Amino acid sequence: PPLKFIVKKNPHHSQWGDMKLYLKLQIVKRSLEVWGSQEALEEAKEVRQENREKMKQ
DNA sequence: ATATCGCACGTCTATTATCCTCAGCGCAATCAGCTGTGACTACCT
C-alpha cells in the first residue's frame, strides 16, 4: 500500500521547511519487504559505500 | 548720548525600530556499465 506522510513545517527558521515526515514503523516494514531482510539491507549499504569509495578513488 | 528690547542669524545635539551569512527537498549534472563500427594486432595448433 502507498505510504502516507505529514507535511510539517521545520522547527527551524521559515527558510525552507514544510518537510515530509513518514512513520518509522511503516518505513522499516517497507524496507524489509523490498530488501527481504535487515542483513540484506546492511550488505547493500556496505557495498554502496564501498562503491562510493571506489568511484572517488 | 548710552545702555536695553525686538528681531534676526546661525549652530550643537538629539525622548527613542537597519542590512548581513546558515538550513531539506526536488529537478538536473554526473558516472559506471554495456554495446555498436571500423581496422589492427596478434597467437595457437
# chains A, B, ... in the order shown; residues from 1 in each chain; ligands from 1
>>> closest_atom_pairs(of="chain B", to="chain A", cutoff="10 Å", atoms="only C-alpha atoms (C1' of nucleotides)", output="JSON lines")
{"residue": "B:22", "atom": "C1'", "partner": "A:15", "partner_atom": "CA", "distance": 9.9}
{"residue": "B:23", "atom": "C1'", "partner": "A:15", "partner_atom": "CA", "distance": 6.9}
{"residue": "B:24", "atom": "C1'", "partner": "A:19", "partner_atom": "CA", "distance": 6.8}
{"residue": "B:25", "atom": "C1'", "partner": "A:19", "partner_atom": "CA", "distance": 7.7}
{"residue": "B:31", "atom": "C1'", "partner": "A:55", "partner_atom": "CA", "distance": 8.7}
{"residue": "B:32", "atom": "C1'", "partner": "A:55", "partner_atom": "CA", "distance": 8.8}
>>> select_by_dssp(residues="chain A", states="strand (DSSP E)", output="ChimeraX atom specification")
/A:6-8,19-21
>>> select_by_dssp(residues="chain A", states="helix (DSSP H, G or I)", output="short mmCIF file (atom, residue, chain, number, x, y, z; two decimals) with C-alpha atoms, in the first residue's frame")
data_model
loop_
_atom_site.label_atom_id
_atom_site.label_comp_id
_atom_site.auth_asym_id
_atom_site.auth_seq_id
_atom_site.Cartn_x
_atom_site.Cartn_y
_atom_site.Cartn_z
CA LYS A 24 9.20 4.91 11.21
CA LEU A 25 7.42 1.56 11.55
CA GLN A 26 5.93 1.78 8.05
CA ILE A 27 9.29 2.75 6.54
CA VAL A 28 11.02 -0.15 8.31
CA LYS A 29 8.33 -2.59 7.16
CA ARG A 30 8.56 -1.37 3.56
CA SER A 31 12.36 -1.62 3.61
CA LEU A 32 12.18 -5.16 4.99
CA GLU A 33 9.65 -6.13 2.31
CA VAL A 34 11.74 -4.64 -0.50
CA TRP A 35 15.12 -5.97 0.66
CA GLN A 38 17.86 -6.45 7.52
CA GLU A 39 21.10 -8.30 6.74
CA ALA A 40 20.46 -7.76 3.03
CA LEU A 41 19.99 -4.03 3.66
CA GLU A 42 23.22 -3.88 5.67
CA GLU A 43 25.09 -5.66 2.87
CA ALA A 44 23.54 -3.27 0.35
CA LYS A 45 24.65 -0.18 2.27
CA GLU A 46 28.13 -1.65 2.78
CA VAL A 47 28.56 -2.34 -0.93
CA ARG A 48 27.13 1.11 -1.70
CA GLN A 49 29.74 2.85 0.45
CA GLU A 50 32.44 0.58 -0.99
CA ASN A 51 31.34 1.60 -4.49
CA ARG A 52 31.36 5.25 -3.43
CA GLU A 53 34.96 4.91 -2.23
CA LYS A 54 35.85 3.10 -5.47
CA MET A 55 34.31 5.89 -7.56
CA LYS A 56 36.04 8.66 -5.61
#
